[PDB]
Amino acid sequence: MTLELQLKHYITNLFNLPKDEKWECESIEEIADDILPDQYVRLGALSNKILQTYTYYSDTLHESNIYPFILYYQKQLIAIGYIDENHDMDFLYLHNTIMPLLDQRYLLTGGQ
């Protein structure tokens, strides 16, 4: 639960949201090709892999038009980020099952 707490801290600080508002989660499985930008989905890497997803929501999150999310493939962390007001995905972390493609986890309190 460390990563979800780091993401909540980051998002509530970035968007000046109430720190004590409860976040709820929607989880669905879906292939990476339908949920990640085309440039990050390649044959032999993320293409055709089913991801387990966590999308967080609340009243103020809905007011801000943002969807924070965490993606996994089996036990491997695949992505940390949020969908923004323009429905663009902004990644704090992205891994294609082979290697990290994007890593701004230094913005998180984890030290990674």
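Counting begins at 1, following the sequence as shown. In this text, rigid core is short for the largest set of C-alphas that superpose within 1.5 Å between two forms.
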RMS CA shift, core-fitted in 4 other deposited structures of this protein, bigger for 62 to 70 or for 44 to 52: 44 to 52
More shifted region, core-based fit in 4 other deposited structures of this protein, 53 to 61 vs 35 to 43 by CA: 35 to 43
Selected stretch [higher average CA B-factor]: 37 to 45 or 83 to 91: 83 to 91
Mean C-alpha B-factor comparison - 19 to 27 and 94 to 102, higher one: 19 to 27
Top Cα B factor in the deposited entry, candidates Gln76, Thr55, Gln52, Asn65: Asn65
